[PDB]
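> Pasting model03.tsv below, which is TSV, C-alpha atoms and all ligand atoms.
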chain	number	residue	atom	x	y	z
A	212	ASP	CA	114.15	58.16	43.36
A	213	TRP	CA	112.58	55.57	45.66
A	214	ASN	CA	115.06	54.66	48.37
A	215	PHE	CA	112.15	55.53	50.69
A	216	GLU	CA	111.82	51.93	51.88
A	217	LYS	CA	115.54	51.94	52.75
A	218	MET	CA	115.63	55.69	53.46
A	219	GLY	CA	114.56	54.87	57.02
A	220	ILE	CA	110.84	54.15	56.63
A	221	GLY	CA	109.37	50.83	55.54
A	222	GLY	CA	105.94	51.86	54.32
A	223	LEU	CA	104.77	50.28	51.08
A	224	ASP	CA	106.22	49.99	47.57
A	225	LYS	CA	103.02	51.14	45.82
A	226	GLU	CA	102.14	54.60	47.13
A	227	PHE	CA	105.15	56.38	45.63
A	228	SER	CA	104.13	55.57	42.06
A	229	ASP	CA	100.75	57.28	42.45
A	230	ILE	CA	102.14	60.13	44.54
A	231	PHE	CA	104.86	61.22	42.14
A	232	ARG	CA	102.96	60.42	38.94
A	233	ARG	CA	100.37	62.91	40.18
A	234	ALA	CA	103.06	65.36	41.30
A	235	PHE	CA	104.82	65.20	37.92
A	236	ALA	CA	101.47	65.50	36.15
A	237	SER	CA	100.91	68.68	38.13
A	238	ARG	CA	104.15	70.62	38.40
A	239	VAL	CA	106.70	69.27	35.89
A	240	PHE	CA	105.46	71.20	32.87
A	241	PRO	CA	106.31	74.85	32.22
A	242	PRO	CA	103.84	77.33	33.73
A	243	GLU	CA	102.77	78.88	30.42
A	244	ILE	CA	101.58	75.66	28.75
A	245	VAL	CA	99.83	74.57	31.95
A	246	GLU	CA	98.03	77.93	32.05
A	247	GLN	CA	97.06	77.62	28.38
A	248	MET	CA	95.57	74.18	29.07
A	249	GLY	CA	93.89	75.75	32.10
A	250	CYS	CA	94.26	72.69	34.33
A	251	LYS	CA	94.40	73.02	38.12
A	252	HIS	CA	97.42	71.86	40.09
A	253	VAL	CA	96.92	69.26	42.81
A	254	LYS	CA	96.75	71.00	46.20
A	255	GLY	CA	95.90	68.75	49.14
A	256	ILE	CA	96.83	65.34	50.55
A	257	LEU	CA	95.07	63.37	53.29
A	258	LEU	CA	96.97	61.10	55.68
A	259	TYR	CA	95.47	59.05	58.50
A	260	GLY	CA	96.06	55.92	60.51
A	261	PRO	CA	97.18	54.66	63.91
A	262	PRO	CA	100.01	56.63	65.52
A	263	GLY	CA	103.59	55.43	65.60
A	264	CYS	CA	103.62	54.42	61.92
A	265	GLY	CA	106.00	57.18	60.81
A	266	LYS	CA	103.47	59.58	59.29
A	267	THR	CA	105.55	62.56	60.40
A	268	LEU	CA	108.64	60.88	58.95
A	269	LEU	CA	106.84	60.32	55.64
A	270	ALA	CA	105.78	63.98	55.59
A	271	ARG	CA	109.32	65.23	56.21
A	272	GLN	CA	110.75	62.83	53.62
A	273	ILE	CA	108.27	63.81	50.90
A	274	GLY	CA	108.79	67.49	51.68
A	275	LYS	CA	112.55	67.08	51.43
A	276	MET	CA	112.54	65.11	48.17
A	277	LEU	CA	110.57	67.83	46.39
A	278	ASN	CA	112.57	71.00	45.71
A	279	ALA	CA	110.49	73.30	47.91
A	280	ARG	CA	110.93	75.73	50.86
A	281	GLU	CA	111.70	74.42	54.40
A	282	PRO	CA	108.31	72.97	55.57
A	283	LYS	CA	106.24	75.14	58.01
A	284	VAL	CA	103.92	73.31	60.53
A	285	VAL	CA	101.06	73.97	63.08
A	286	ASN	CA	99.52	72.10	66.12
A	287	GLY	CA	96.21	70.12	65.94
A	288	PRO	CA	93.71	71.87	68.31
A	289	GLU	CA	95.89	74.85	69.43
A	290	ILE	CA	94.27	76.60	66.47
A	291	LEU	CA	91.09	76.56	68.59
A	292	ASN	CA	92.21	78.93	71.33
A	293	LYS	CA	89.90	80.14	74.10
A	294	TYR	CA	89.09	83.25	72.06
A	295	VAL	CA	86.75	84.38	69.30
A	296	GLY	CA	88.76	86.04	66.52
A	297	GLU	CA	92.08	84.27	67.10
A	298	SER	CA	90.86	81.44	64.85
A	299	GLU	CA	90.70	84.19	62.19
A	300	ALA	CA	93.77	86.34	62.82
A	301	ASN	CA	96.23	83.47	63.23
A	302	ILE	CA	94.96	81.51	60.21
A	303	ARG	CA	95.03	84.63	58.06
A	304	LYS	CA	98.56	85.25	59.35
A	305	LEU	CA	99.71	81.80	58.26
A	306	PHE	CA	98.22	82.20	54.78
A	307	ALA	CA	99.37	85.82	54.36
A	308	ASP	CA	102.90	84.71	55.23
A	309	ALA	CA	103.09	82.96	51.85
A	310	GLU	CA	100.69	85.38	50.13
A	311	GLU	CA	103.19	88.20	50.65
A	312	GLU	CA	105.92	86.11	49.03
A	313	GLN	CA	103.64	85.26	46.10
A	314	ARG	CA	102.83	88.95	45.60
A	315	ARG	CA	106.49	89.99	45.82
A	316	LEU	CA	107.96	87.30	43.57
A	317	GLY	CA	104.76	87.19	41.50
A	318	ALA	CA	103.11	84.16	39.94
B	319	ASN	CA	123.96	67.45	85.36
B	320	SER	CA	121.13	69.75	86.43
B	321	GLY	CA	119.35	67.46	88.90
B	322	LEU	CA	115.72	66.54	89.41
B	323	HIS	CA	112.56	68.62	89.75
B	324	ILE	CA	109.53	66.60	90.87
B	325	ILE	CA	106.03	68.08	90.68
B	326	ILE	CA	102.92	66.31	91.99
B	327	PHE	CA	99.40	66.92	90.68
B	328	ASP	CA	97.09	65.79	93.47
B	329	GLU	CA	93.70	64.76	92.10
B	330	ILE	CA	94.92	65.24	88.53
B	331	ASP	CA	91.41	64.33	87.37
B	332	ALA	CA	90.21	67.66	88.78
B	333	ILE	CA	91.59	69.70	85.87
B	334	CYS	CA	92.12	67.16	83.05
B	335	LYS	CA	89.10	65.97	81.07
B	336	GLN	CA	88.03	65.53	77.45
B	337	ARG	CA	88.97	68.62	75.46
B	338	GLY	CA	85.99	68.77	73.10
B	339	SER	CA	83.33	67.15	75.28
B	340	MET	CA	82.78	70.29	77.34
B	341	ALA	CA	80.16	72.71	76.01
B	342	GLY	CA	80.83	75.57	78.43
B	343	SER	CA	81.26	78.95	76.78
B	344	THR	CA	84.63	79.48	78.46
B	345	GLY	CA	87.34	77.00	77.49
B	346	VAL	CA	89.61	77.27	80.52
B	347	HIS	CA	89.97	73.49	80.87
B	348	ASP	CA	90.96	73.07	77.23
B	349	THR	CA	93.45	75.94	77.46
B	350	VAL	CA	95.15	74.54	80.56
B	351	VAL	CA	95.28	71.09	78.96
B	352	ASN	CA	96.88	72.58	75.85
B	353	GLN	CA	99.42	74.55	77.87
B	354	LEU	CA	100.43	71.57	80.01
B	355	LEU	CA	100.67	69.27	76.98
B	356	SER	CA	102.88	71.80	75.20
B	357	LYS	CA	105.09	72.19	78.28
B	358	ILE	CA	105.54	68.46	78.89
B	359	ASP	CA	105.82	67.55	75.20
B	360	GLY	CA	106.78	69.90	72.39
B	361	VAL	CA	109.65	71.34	70.41
B	362	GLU	CA	111.38	72.43	73.61
B	363	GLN	CA	113.21	69.59	75.35
B	364	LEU	CA	113.29	68.80	79.08
B	365	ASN	CA	115.47	66.21	80.78
B	366	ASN	CA	115.57	67.19	84.49
B	367	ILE	CA	111.88	66.95	85.43
B	368	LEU	CA	109.59	64.20	86.72
B	369	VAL	CA	105.81	64.69	86.78
B	370	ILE	CA	103.62	62.34	88.83
B	371	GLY	CA	99.85	62.55	89.14
B	372	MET	CA	97.28	60.74	91.26
B	373	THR	CA	93.61	60.16	90.44
B	374	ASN	CA	90.83	58.20	92.11
B	375	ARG	CA	89.40	57.01	88.73
B	376	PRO	CA	91.34	56.73	85.43
B	377	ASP	CA	88.03	57.05	83.55
B	378	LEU	CA	88.05	60.87	83.31
B	379	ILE	CA	91.47	61.16	81.65
B	380	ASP	CA	91.91	62.38	78.08
B	381	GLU	CA	93.98	60.02	75.94
B	382	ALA	CA	96.35	62.81	74.87
B	383	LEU	CA	97.87	62.79	78.37
B	384	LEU	CA	98.40	59.01	78.27
B	385	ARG	CA	100.35	59.27	75.01
B	386	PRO	CA	103.73	57.48	75.24
B	387	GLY	CA	106.59	59.83	76.01
B	388	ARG	CA	104.46	61.93	78.39
B	389	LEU	CA	102.91	59.51	80.92
B	390	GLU	CA	103.79	56.15	79.36
B	391	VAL	CA	104.31	54.51	82.76
B	392	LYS	CA	101.29	53.47	84.81
B	393	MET	CA	100.72	51.59	88.05
B	394	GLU	CA	97.83	50.21	90.09
B	395	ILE	CA	97.75	49.95	93.89
B	396	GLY	CA	95.72	46.86	94.77
B	397	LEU	CA	94.73	45.35	98.10
B	398	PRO	CA	97.28	44.13	100.67
B	399	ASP	CA	97.91	40.44	101.17
B	400	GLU	CA	97.63	38.60	104.49
B	401	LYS	CA	101.35	39.00	105.17
B	402	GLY	CA	101.05	42.68	104.34
B	403	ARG	CA	98.09	42.81	106.72
B	404	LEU	CA	100.28	41.43	109.51
B	405	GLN	CA	103.02	43.96	108.78
B	406	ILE	CA	100.47	46.79	108.64
B	407	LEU	CA	99.05	45.83	112.04
B	408	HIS	CA	102.55	45.54	113.52
B	409	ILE	CA	103.30	49.07	112.33
B	410	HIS	CA	99.93	50.36	113.57
B	411	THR	CA	100.51	48.89	117.05
B	412	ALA	CA	104.26	49.30	117.64
B	413	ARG	CA	103.69	52.35	119.86
B	414	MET	CA	101.03	50.59	121.92
B	415	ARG	CA	103.27	47.60	122.52
B	416	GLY	CA	105.99	50.15	123.27
B	417	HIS	CA	104.12	51.54	126.27
B	418	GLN	CA	102.77	48.17	127.52
B	419	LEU	CA	99.10	48.86	126.87
B	420	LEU	CA	98.22	45.74	124.83
B	421	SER	CA	96.81	42.70	126.60
B	422	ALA	CA	98.65	39.45	125.90
B	423	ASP	CA	95.29	37.90	124.98
B	424	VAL	CA	95.26	39.64	121.59
C	191	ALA	CA	89.12	92.31	70.40
C	192	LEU	CA	92.74	91.15	70.46
C	193	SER	CA	93.77	93.95	68.11
C	194	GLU	CA	91.90	96.42	70.33
C	195	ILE	CA	93.85	95.42	73.45
C	196	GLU	CA	97.11	95.47	71.47
C	197	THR	CA	96.38	99.02	70.30
C	198	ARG	CA	95.57	100.02	73.88
C	199	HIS	CA	98.90	98.56	75.01
C	200	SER	CA	100.61	100.72	72.38
C	201	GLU	CA	98.61	103.69	73.66
C	202	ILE	CA	99.67	103.13	77.28
C	203	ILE	CA	103.31	102.89	76.18
C	204	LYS	CA	102.95	106.19	74.32
C	205	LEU	CA	101.28	107.78	77.35
C	206	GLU	CA	104.15	106.69	79.61
C	207	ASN	CA	106.68	108.16	77.18
C	208	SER	CA	104.84	111.47	76.88
C	209	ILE	CA	104.43	111.75	80.71
C	210	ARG	CA	108.17	110.76	80.89
C	211	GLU	CA	108.91	113.78	78.60
C	212	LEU	CA	106.53	116.35	80.19
C	213	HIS	CA	107.73	115.78	83.76
C	214	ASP	CA	111.40	116.39	82.97
D	501	LIG	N1	109.51	52.42	59.64
D	501	LIG	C1	109.98	53.16	60.66
D	501	LIG	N2	111.31	53.29	60.88
D	501	LIG	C2	111.80	54.02	61.89
D	501	LIG	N3	111.02	54.68	62.77
D	501	LIG	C3	109.67	54.64	62.68
D	501	LIG	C4	109.06	53.86	61.59
D	501	LIG	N4	107.73	53.98	61.73
D	501	LIG	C5	107.50	54.78	62.81
D	501	LIG	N5	108.66	55.17	63.37
D	501	LIG	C6	108.77	56.04	64.57
D	501	LIG	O1	107.48	56.20	65.16
D	501	LIG	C7	107.14	57.58	65.31
D	501	LIG	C8	105.93	57.88	64.44
D	501	LIG	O2	105.02	58.77	65.08
D	501	LIG	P1	103.69	59.22	64.29
D	501	LIG	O3	102.81	58.01	64.12
D	501	LIG	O4	104.12	60.02	63.08
D	501	LIG	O5	102.98	60.23	65.32
D	501	LIG	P2	101.67	61.05	64.87
D	501	LIG	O6	100.64	59.97	64.60
D	501	LIG	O7	101.35	61.92	66.06
D	501	LIG	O8	102.12	61.80	63.64
D	501	LIG	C9	108.36	58.39	64.91
D	501	LIG	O9	109.00	58.93	66.08
D	501	LIG	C10	109.27	57.42	64.19
D	501	LIG	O10	110.64	57.60	64.58
Could you take the file, read its structure, and then write that structure out as structure tokens?

Amino acid sequence: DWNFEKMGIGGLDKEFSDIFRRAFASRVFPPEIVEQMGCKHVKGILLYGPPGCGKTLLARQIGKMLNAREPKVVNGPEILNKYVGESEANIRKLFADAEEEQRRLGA
Amino acid sequence: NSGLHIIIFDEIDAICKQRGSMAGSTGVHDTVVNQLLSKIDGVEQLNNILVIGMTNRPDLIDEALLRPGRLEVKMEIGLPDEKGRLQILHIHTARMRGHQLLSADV
Amino acid sequence: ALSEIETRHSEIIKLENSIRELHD
């Protein structure tokens, strides 16, 4: 579904093809066959550009379209607090938040 | 219908500089900048406040504070014109003319 | 160091409680 242009953001009519072809390539197939093939899922997207272009809107929209959990977020340099060790404890906290769920519910 | 709360940061340039430029071991300046930026702009919403700051050089101001929605408005105070000079002098000498201590020559 | 100070805060709370039990 590509009402994105009319969803509320103009953007471009070319990105979505690449984005969701890669996403489908990654996550559509059943876990067992993907494991057997031993291919690695895509984990990581880079966005950049001048402000005021709707990057946050694009992020929310893409997060909503995919059937995933409510998106969790963090600040830009607040991660670098005036302390040595916070940059470890807080980051480990953020990752452990989902690690606990993965352990509980399993693979 | 709360009202208005107006806070003034005299010599705002004293405490606000580039976040990453500073190499001092302690990061007090960065922490205060972060706290103020979070307070002014963030998830929490404020609608009954007005912050105004004054500097004597806009050069030492980090761009994050100039971001629209926080300090979008700006204004320069240039030099007075001749007519403004006349009005200024009138104001500066009203008392003296009040007590008859100014010679008619001037 | 943050965990240390947090543990010491817990300790001071416990100390208050115990001195709040021994006095009475
Ligand atoms: N095509 C668009 N339609 C409607 N609003 C837009 C569009 N592009 C940008 N905006 C507005 O501009 C802002 C984009 O800010 P953004 O550039 O994401 O900030 P940052 O760079 O800090 O993420 C949003 O508030 C959004 O409402």
> Counting all atoms listed in the file, name the residues that have an atom within 9 Å of an atom of ligand LIG 501 (chain D); the answer should be given as a list in words.
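What falls inside 9 Å of ligand LIG 501 (chain D) is residues 216, 218, 219, 220, 221, 222, 259, 260, 261, 262, 263, 264, 265, 266, 267, 268, 269 and 270 of chain A.
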> Quick one, how far is CA of residue 354 (chain B) from CA of residue 390 (chain B)?
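For CA of residue 354 (chain B) relative to CA of residue 390 (chain B), the distance reads 15.8 Å.
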> What does the distance from CA of residue 246 (chain A) to CA of residue 310 (chain A) come to in Å, to one decimal?
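Separating CA of residue 246 (chain A) from CA of residue 310 (chain A) is a distance of 19.7 Å.
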> Do me a favour and pick out the residues of chain A within 7 Å of chain B, using all atoms listed in the file, as a ChimeraX atom specification.
/A:289,292-293
> Got a sec: who's within 12 Å of residue 191 (chain C), counting all atoms listed in the file, leaving out chain neighbours fewer than 5 positions off, as a ChimeraX atom specification?
/A:294-297,299-300 /C:196-198
> Please write C-alpha atoms of chain B, from the structure given just now, as a PDB file, in the first residue's frame.

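Output (result33.pdb):
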ATOM      1  CA  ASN B 319      -6.422  30.778  30.945  1.00  0.00           C
ATOM      2  CA  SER B 320      -3.341  30.455  33.153  1.00  0.00           C
ATOM      3  CA  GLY B 321      -1.621  33.747  32.330  1.00  0.00           C
ATOM      4  CA  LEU B 322       1.951  34.643  31.446  1.00  0.00           C
ATOM      5  CA  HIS B 323       5.287  33.806  33.056  1.00  0.00           C
ATOM      6  CA  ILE B 324       8.193  35.805  31.623  1.00  0.00           C
ATOM      7  CA  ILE B 325      11.795  34.838  32.407  1.00  0.00           C
ATOM      8  CA  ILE B 326      14.814  36.869  31.282  1.00  0.00           C
ATOM      9  CA  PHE B 327      18.291  35.402  30.743  1.00  0.00           C
ATOM     10  CA  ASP B 328      20.654  38.357  31.014  1.00  0.00           C
ATOM     11  CA  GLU B 329      23.862  37.718  29.071  1.00  0.00           C
ATOM     12  CA  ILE B 330      22.469  34.447  27.728  1.00  0.00           C
ATOM     13  CA  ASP B 331      25.815  33.913  25.988  1.00  0.00           C
ATOM     14  CA  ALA B 332      27.377  33.341  29.419  1.00  0.00           C
ATOM     15  CA  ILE B 333      25.993  29.801  29.747  1.00  0.00           C
ATOM     16  CA  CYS B 334      25.079  28.756  26.176  1.00  0.00           C
ATOM     17  CA  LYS B 335      27.871  27.686  23.818  1.00  0.00           C
ATOM     18  CA  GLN B 336      28.675  24.844  21.430  1.00  0.00           C
ATOM     19  CA  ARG B 337      27.884  21.523  23.095  1.00  0.00           C
ATOM     20  CA  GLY B 338      30.717  19.423  21.673  1.00  0.00           C
ATOM     21  CA  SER B 339      33.350  22.114  21.168  1.00  0.00           C
ATOM     22  CA  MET B 340      34.289  22.195  24.848  1.00  0.00           C
ATOM     23  CA  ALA B 341      37.016  19.762  25.917  1.00  0.00           C
ATOM     24  CA  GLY B 342      36.737  20.309  29.671  1.00  0.00           C
ATOM     25  CA  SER B 343      36.500  17.124  31.710  1.00  0.00           C
ATOM     26  CA  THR B 344      33.291  18.287  33.391  1.00  0.00           C
ATOM     27  CA  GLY B 345      30.335  18.793  31.065  1.00  0.00           C
ATOM     28  CA  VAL B 346      28.282  21.239  33.118  1.00  0.00           C
ATOM     29  CA  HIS B 347      27.626  23.544  30.158  1.00  0.00           C
ATOM     30  CA  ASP B 348      26.382  20.679  27.989  1.00  0.00           C
ATOM     31  CA  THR B 349      24.162  19.374  30.788  1.00  0.00           C
ATOM     32  CA  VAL B 350      22.543  22.761  31.418  1.00  0.00           C
ATOM     33  CA  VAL B 351      22.022  23.233  27.674  1.00  0.00           C
ATOM     34  CA  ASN B 352      20.371  19.810  27.459  1.00  0.00           C
ATOM     35  CA  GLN B 353      18.130  20.505  30.453  1.00  0.00           C
ATOM     36  CA  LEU B 354      17.009  23.904  29.164  1.00  0.00           C
ATOM     37  CA  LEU B 355      16.387  22.554  25.658  1.00  0.00           C
ATOM     38  CA  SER B 356      14.293  19.719  27.089  1.00  0.00           C
ATOM     39  CA  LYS B 357      12.315  22.135  29.265  1.00  0.00           C
ATOM     40  CA  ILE B 358      11.597  24.633  26.479  1.00  0.00           C
ATOM     41  CA  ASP B 359      11.018  21.982  23.797  1.00  0.00           C
ATOM     42  CA  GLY B 360      10.085  18.368  24.411  1.00  0.00           C
ATOM     43  CA  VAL B 361       7.234  15.937  24.879  1.00  0.00           C
ATOM     44  CA  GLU B 362       5.798  18.090  27.664  1.00  0.00           C
ATOM     45  CA  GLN B 363       3.847  21.088  26.369  1.00  0.00           C
ATOM     46  CA  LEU B 364       3.929  24.662  27.674  1.00  0.00           C
ATOM     47  CA  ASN B 365       1.640  27.496  26.604  1.00  0.00           C
ATOM     48  CA  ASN B 366       1.855  30.122  29.392  1.00  0.00           C
ATOM     49  CA  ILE B 367       5.562  31.030  29.303  1.00  0.00           C
ATOM     50  CA  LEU B 368       7.682  33.560  27.423  1.00  0.00           C
ATOM     51  CA  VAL B 369      11.486  33.322  27.479  1.00  0.00           C
ATOM     52  CA  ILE B 370      13.591  36.285  26.344  1.00  0.00           C
ATOM     53  CA  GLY B 371      17.378  36.422  26.289  1.00  0.00           C
ATOM     54  CA  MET B 372      19.906  39.155  25.610  1.00  0.00           C
ATOM     55  CA  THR B 373      23.455  38.738  24.308  1.00  0.00           C
ATOM     56  CA  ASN B 374      26.160  41.178  23.239  1.00  0.00           C
ATOM     57  CA  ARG B 375      27.277  38.929  20.316  1.00  0.00           C
ATOM     58  CA  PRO B 376      25.128  36.289  18.543  1.00  0.00           C
ATOM     59  CA  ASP B 377      28.331  34.501  17.483  1.00  0.00           C
ATOM     60  CA  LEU B 378      28.615  32.276  20.579  1.00  0.00           C
ATOM     61  CA  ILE B 379      25.141  30.740  20.304  1.00  0.00           C
ATOM     62  CA  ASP B 380      24.591  27.069  19.503  1.00  0.00           C
ATOM     63  CA  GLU B 381      22.197  26.514  16.608  1.00  0.00           C
ATOM     64  CA  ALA B 382      20.008  24.152  18.645  1.00  0.00           C
ATOM     65  CA  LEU B 383      18.716  27.142  20.627  1.00  0.00           C
ATOM     66  CA  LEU B 384      17.857  29.060  17.438  1.00  0.00           C
ATOM     67  CA  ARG B 385      15.740  26.169  16.147  1.00  0.00           C
ATOM     68  CA  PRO B 386      12.248  27.337  15.104  1.00  0.00           C
ATOM     69  CA  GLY B 387       9.647  26.766  17.793  1.00  0.00           C
ATOM     70  CA  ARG B 388      12.088  27.662  20.592  1.00  0.00           C
ATOM     71  CA  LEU B 389      13.580  31.075  19.717  1.00  0.00           C
ATOM     72  CA  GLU B 390      12.322  31.533  16.157  1.00  0.00           C
ATOM     73  CA  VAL B 391      11.868  35.287  16.610  1.00  0.00           C
ATOM     74  CA  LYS B 392      14.911  37.561  16.503  1.00  0.00           C
ATOM     75  CA  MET B 393      15.522  41.297  16.556  1.00  0.00           C
ATOM     76  CA  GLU B 394      18.400  43.743  16.165  1.00  0.00           C
ATOM     77  CA  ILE B 395      18.693  47.100  17.927  1.00  0.00           C
ATOM     78  CA  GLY B 396      20.498  49.468  15.570  1.00  0.00           C
ATOM     79  CA  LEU B 397      21.558  53.086  15.946  1.00  0.00           C
ATOM     80  CA  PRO B 398      19.078  55.927  16.539  1.00  0.00           C
ATOM     81  CA  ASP B 399      18.165  58.316  13.749  1.00  0.00           C
ATOM     82  CA  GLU B 400      18.492  62.105  13.909  1.00  0.00           C
ATOM     83  CA  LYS B 401      14.866  62.487  14.995  1.00  0.00           C
ATOM     84  CA  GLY B 402      15.433  59.839  17.639  1.00  0.00           C
ATOM     85  CA  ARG B 403      18.531  61.770  18.690  1.00  0.00           C
ATOM     86  CA  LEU B 404      16.398  64.879  19.215  1.00  0.00           C
ATOM     87  CA  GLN B 405      13.844  62.942  21.256  1.00  0.00           C
ATOM     88  CA  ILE B 406      16.614  61.310  23.308  1.00  0.00           C
ATOM     89  CA  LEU B 407      18.147  64.693  24.133  1.00  0.00           C
ATOM     90  CA  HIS B 408      14.733  66.126  25.034  1.00  0.00           C
ATOM     91  CA  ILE B 409      14.212  63.251  27.463  1.00  0.00           C
ATOM     92  CA  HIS B 410      17.747  63.598  28.850  1.00  0.00           C
ATOM     93  CA  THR B 411      17.260  67.334  29.502  1.00  0.00           C
ATOM     94  CA  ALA B 412      13.608  67.644  30.546  1.00  0.00           C
ATOM     95  CA  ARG B 413      14.568  67.909  34.230  1.00  0.00           C
ATOM     96  CA  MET B 414      17.189  70.572  33.551  1.00  0.00           C
ATOM     97  CA  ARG B 415      14.739  72.673  31.574  1.00  0.00           C
ATOM     98  CA  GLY B 416      12.293  71.982  34.407  1.00  0.00           C
ATOM     99  CA  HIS B 417      14.462  73.774  36.962  1.00  0.00           C
ATOM    100  CA  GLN B 418      15.591  76.612  34.642  1.00  0.00           C
ATOM    101  CA  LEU B 419      19.259  75.665  34.493  1.00  0.00           C
ATOM    102  CA  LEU B 420      19.746  75.581  30.694  1.00  0.00           C
ATOM    103  CA  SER B 421      21.001  78.690  28.913  1.00  0.00           C
ATOM    104  CA  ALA B 422      18.852  79.825  25.996  1.00  0.00           C
ATOM    105  CA  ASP B 423      22.008  79.839  23.849  1.00  0.00           C
ATOM    106  CA  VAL B 424      21.983  76.046  23.537  1.00  0.00           C
TER     107      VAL B 424
END
